Ligand SMILES: OC[C@H]1NC[C@H](O)[C@@H](O)[C@@H]1O
Ligand SMILES: [Cl-]
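In the UniProt record's numbering, the protein residues as written are 64 to 1088.
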């Protein structure tokens, strides 16, 4: 029952953008004519006649489904299968059940798209703000009702005499290939529309000497790769000479066949649509690139190596790029599961927003058990360095160093206190994670799906049971390709090789995900790490990142660095650093559908892997977790939709200015691809100094690395550490190892910790409403200058999520930057200094300042007028981990100067993920706040959308720019008292000794502080006279 659909697989190898050319037309079919095929529910069918562009007398018939997916959010969907019947996926971002839920709801509200065919056979329908006509050859024209402006239309190619063929729908003749494609008109060079293409996940793009946000005029591919430094040599163009730089035509770790189009930007007629081709074979997005004749300036396309063809167009409910992102998250939502909290993504435990240090190259938990080796370091020493210098420090990412000789799910004796492996909870022999708990830390460990196979007698229960229950990927293929064999076997198993450099390597077996039982089995292994204290998950080598291998060499032998190349191609022998593309893996896209060669679904392996860890690991064994029941996953690769499993770090970056640039750009682009909780390794993972690899990050690059990343969602300093036993990496990178910059380093980490609720609320808003935490400058509407500023300017936070403006310095040894403040609003310079001094005057939005001064101790960060920001301090004044905070450590609602005599605020509150009752039982609180001025009276109002988590400690209002009132009155459900001046005269005295109902005139920071009881938080009217 392998290969149910009778497909002949024509390509297995990596076909770069340079070899993908649907606009060529040769051997390609495109829609030439149709007749109507009925409408059931909201899915129309058109019976489309496809014609070979370069000889239209050759024609085939395939039905194409046209389904409206949301009336209120203006999204519909084209879908056909060139190779067989149209099939609903059973795994992926877009599920039928969620589409059904959305439709059923909008139908109950009497939404009517009025899908109809005309006399002529043209399908017409309408969404809320748009109307669509699709002609005979499937020519498509999408119009916005309010101004009658055509916002999107697909491409038509002419023939000699056979009429116009719609490249809106294309597939390669199956006598010659398997590729699909879809082409639109591209208005990038229109004088008025100036169309720009955004999104596309982790892709990097250089312009002159700089890494930029926009993705216009370039040819990209998704092909999840083990792409160290984002510029792997085998990923080079044909006949490329000299250094390969990271750039647009190089795949990354995450697969985002997703672009958001933006035209007429910063004007009253702005339009925005998202474009999603839902395919997990190698996929392409060309946004008007003439290089290698892969595209044409005036066309834009998407395509893939394999079928099926299934594509979403998503315009959003209303104005602006951001609205495209939230509508997209809804098609991917879990509303049909009745998720009270996790609608658009899964909420992490709060601790995920803390500062982590990871290291590849620790050799024990405690010093007393650290083996001798040049530059060896213990987990304990890192903890000390951070803790003793009073860093706000959350915990560790313990690498494969911890494992027993690379046996995933195991530990070795050195990573325990008593130097032997225990089964857990013995107060006389604590695991790394347990010991880490007592320091008030939480931990991830590295988990790959590489199940070591060369075991030299030594028993490994995980690889063993996989063999026994036949849950491994078999060594079958439709080509008779010999994947290699060892003396360990099994005979019919795919045996890959894991290689970490410097002779640290092993043979592996892998989970055949598509099988029943594999996910359950996978997930039940995590029991072995949860019961010894493991907090969350660091998913890695996800492709799987297998050692480069050429068919016909021993499993442990990799090819010459230079192979394959254009003169000496792969010709079906290279494994492109994962499974050899021909291996028959059990279908991951369609359950109980059979086996298919991996080439078909490369870009879904990591998704599935994350999926299984989240549902069979983290959720099913939630009981085996120790200190915190909720958990998370930081994954290296995945697909669109991966946000219901957890977040991402952007694999192996390096330690240069360019990589700071890229980090910010990846973060912005990843967010808008519906993956909010993402970030890059702070300081850069790999070595950078070509004369000596062990040279650590400089202090000025680390400062700027820290400052750019300090408000991004995932904040982990991680690096490859040179040790004697693994001789690649840098000497160190930990923040405390930078004595000259230590004070700045630490204060920017404090600053983040004070604004932990700003992060957390932003994440709630993402889980409930799909808003991206990080906003591109171009998401700010009615500004025609944010576009030029979009490489390094980004926003977040507050009630709307556009209250904080960041513009980090992105070059080393630099103390100026060109600053642009978004127009029609005011900004206030802020940062780690400003907690303890008054604000400077207001800065006028719409300002361009060249050479804006940014000394090293500073980053550019502004809080908008009308912002009220939930802010947290420690009661005792010392820096501690977020995960050891209680409600007694103050909440403070910082009221910034009023905008239009108004300010606004939002705080999500829950236990932090100690339990799972916020996402399971709706046990959480949303507090909102407002401030208004009206002559001599200011009114501060607390309301709740719901109050199901009880904030057990006193909270504060910090009014900036106010001093001594004549009276403050508080009104509340069970309270109505006038406030009295506190006999405390310092913030520290107010926190610890101040009375519920005290106020304090802070002259030092020009703020008035109200201390209020915990029970007035869900509802209050505070009036300042
Ligand atoms: O597992 C070792 C190593 N693998 C590659 C990952 O990107 C890196 O973060 C990790 O340290
Ligand atoms: Cl990966």
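Think of the CB as a built atom: it goes at the ideal place given N, C-alpha and C, for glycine as much as any other residue.
Range covered by the beta strand (DSSP E) that runs through residue i
i, result
"residue 228", "228 to 235"
"residue 285", "282 to 285"
"residue 926", "924 to 927"
Simplified DSSP assignment, three categories, for residue i
i, result
"residue 984", "helix"
"residue 389", "helix"
"residue 895", "coil"
"residue 159", "helix"
"residue 676", "helix"
"residue 208", "coil"
"residue 777", "coil"
"residue 367", "strand"
"residue 102", "strand"
"residue 1032", "strand"
"residue 580", "coil"
"residue 67", "coil"
"residue 993", "strand"
"residue 411", "coil"
"residue 119", "strand"
"residue 681", "helix"
"residue 823", "helix"
"residue 321", "strand"
"residue 339", "strand"
"residue 201", "coil"
"residue 326", "strand"
6 Å CB neighbourhood of residue i in its chain, flanking five on each side removed
i, result
"residue 142", "128 and 373"
"residue 307", "294 and 299"
"residue 467", "473 and 475"
"residue 140", "130, 132 and 375"
"residue 659", "650"
"residue 853", "276, 839, 840 and 841"
"residue 992", "931, 956, 968 and 1005"
Unbroken alpha helix (DSSP H) run spanning residue i, endpoints
i, result
"residue 435", "No alpha helix (DSSP H) holds residue 435; DSSP gives it neither H nor E."
"residue 809", "805 to 817"
"residue 333", "Careful: residue 333 lies outside any alpha helix (DSSP H) and carries neither H nor E."
"residue 1055", "1050 to 1056"
"residue 442", "442 to 451"
"residue 614", "Careful: residue 614 lies outside any alpha helix (DSSP H) and carries neither H nor E."
"residue 935", "Unbroken run through residue 935 is the beta strand (DSSP E), 930 to 935; no alpha helix (DSSP H)."
"residue 771", "762 to 772"
"residue 851", "Careful: residue 851 lies outside any alpha helix (DSSP H) and carries neither H nor E."
"residue 723", "720 to 734"
"residue 524", "524 to 531"
"residue 593", "590 to 593"
Residue i beta carbon near ligand 1 (any heavy atom closer than 6 Å)
i, result
"residue 509", "yes"
"residue 423", "yes"
"residue 606", "no"
"residue 603", "yes"
"residue 886", "no"
"residue 715", "yes"
"residue 442", "no"
"residue 463", "yes"
Proximal residues to residue i (C-beta, below 7 Å), its chain only, five neighbours per side dropped
i, result
"residue 882", "870, 912, 915 and 923"
Cross-strand partners of residue i (DSSP beta bridge)
i, result
"residue 125", "111"
"residue 1011", "Answer by DSSP bridge pairing: none, since residue 1011 is not bridged."
"residue 493", "Partner(s): none; residue 493 has no beta bridge."
"residue 373", "142"
"residue 697", "601 and 710"
Heavy atom of ligand 2 within 6 Å of residue i beta-carbon
i, result
"residue 699", "yes"
"residue 317", "no"
8 Å Cβ shell around residue i - same chain, five flanking residues per side excluded
i, result
"residue 52", "Since the first and last residues shown for the chain are 64 and 1088, residue 52 lies out of range."
"residue 384", "261, 323, 325, 335, 735, 839, 841 and 842"
"residue 831", "404, 406 and 407"
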